[PDB]
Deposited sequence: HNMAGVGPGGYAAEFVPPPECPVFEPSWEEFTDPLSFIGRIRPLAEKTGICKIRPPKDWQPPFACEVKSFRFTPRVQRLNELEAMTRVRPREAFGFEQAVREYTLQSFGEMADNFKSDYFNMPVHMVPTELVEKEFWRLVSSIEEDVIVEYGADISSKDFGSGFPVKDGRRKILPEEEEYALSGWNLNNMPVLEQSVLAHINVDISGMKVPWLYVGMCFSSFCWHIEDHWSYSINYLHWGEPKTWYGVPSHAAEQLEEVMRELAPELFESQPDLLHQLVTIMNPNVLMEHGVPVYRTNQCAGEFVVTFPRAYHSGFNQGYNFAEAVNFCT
């Protein structure tokens, strides 16, 4: 009955010589990481970029997420309106929610317990849990989490190495080669989540957790992409089974154990603060946040 955690995805701890640039490093770990869909990269201990967002003016209006909206299928539409938070007020709400839900301090809740409870609530018909996710935040609004030589914020000399680092997500190559843009920010709370999807143009994605509680990931290697899609449309509601992929993946919520029972390989990881997660081309991924955190992500091409 309880959720069975998938096997762990690869974690790489490159030395300073192995940490030269992401594109060269990702190309070398590709033979292994492409067979798991996702991988985690822990930078050297001394690589600690400062948080360079405008915290004083950071204001956002997160989306409302009903965990059991798909199982609730079998007044609607006015359950909770989308409201504005500051970055401080969102953290107070997030910490209060998690501590009250588990009856424990937020830092004492085991990651396995949040994981087991998240997947129970997704399929629960007797308990309706509703959370919020600050998912629509462009780095052009209040600045990137990384220091950027933009001219709209002061950069200290000890922070210039991070403004010029290849692992700064603002310095990733994003232009696709053809005959014929900026990172996004994610302010999470406990149970806020994203369902199974791949990137537009089957692009890579790189994700950095600036601070906060871990972000739990699930990934499927690209060689099983068509197997996952077949399981999805087999078990999806009939009203959504015929929808185009770009629209269907707005509601492709599925317990990883269900995919594993159908033979789909799934890997998991807990991304901690200061760690990177890379998703490979056509690697389906999903996840949820363990608590109040702040992430930055961008799609890149090779």
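Counting from residue 1 of the deposited sequence, the stretches lacking C-alpha coordinates in this chain are 1 to 12, 87 to 92, 199 to 208.
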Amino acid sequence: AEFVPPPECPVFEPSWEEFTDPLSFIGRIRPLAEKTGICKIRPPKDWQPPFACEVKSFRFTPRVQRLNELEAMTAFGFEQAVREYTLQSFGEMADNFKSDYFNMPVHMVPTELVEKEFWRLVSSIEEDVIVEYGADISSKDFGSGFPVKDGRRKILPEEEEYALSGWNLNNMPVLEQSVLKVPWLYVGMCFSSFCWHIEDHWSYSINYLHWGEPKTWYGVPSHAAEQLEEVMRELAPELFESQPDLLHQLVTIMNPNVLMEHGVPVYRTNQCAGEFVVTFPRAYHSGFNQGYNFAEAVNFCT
From here on, numbers count along this sequence of modelled residues.
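So that the term is clear: the rigid core is the largest set of C-alpha atoms that superpose within 1.5 Å between two forms.
Farther on average from this form in 8 other deposited structures of this protein lies stretch 136 to 144, the comparison being between 196 to 204 and 136 to 144 by RMS Cα distance after core superposition.
Relative to one another, 246 to 254 and 42 to 50 have unequal mean CA B-factors, and 42 to 50 is the one with the higher figure. According to the PDB record, 64 to 72 carries the higher mean C-alpha B-factor of the two stretches 257 to 265 and 64 to 72. The entry assigns its greatest Cα B factor, within the set 27, 37, 237, 274, to 237. Comparing the C-alpha B-factors of 154, 116, 197, 98 in the entry, the top value falls on 154. Ranked against the other modelled residues of its chain, the C-alpha B-factor of residue 216 as given in the entry falls in the lowest third. Per-chain ranking of the deposited C-alpha B factor places residue 178 in the highest third. Among all modelled residues in this chain, the alpha-carbon of residue 142 has a temperature factor (C-alpha) in the highest third. When the CA B factors of the chain's modelled residues are split into thirds, the value for residue 193 lands in the lowest one. Per-chain ranking of the deposited C-alpha B factor places residue 209 in the lowest third.
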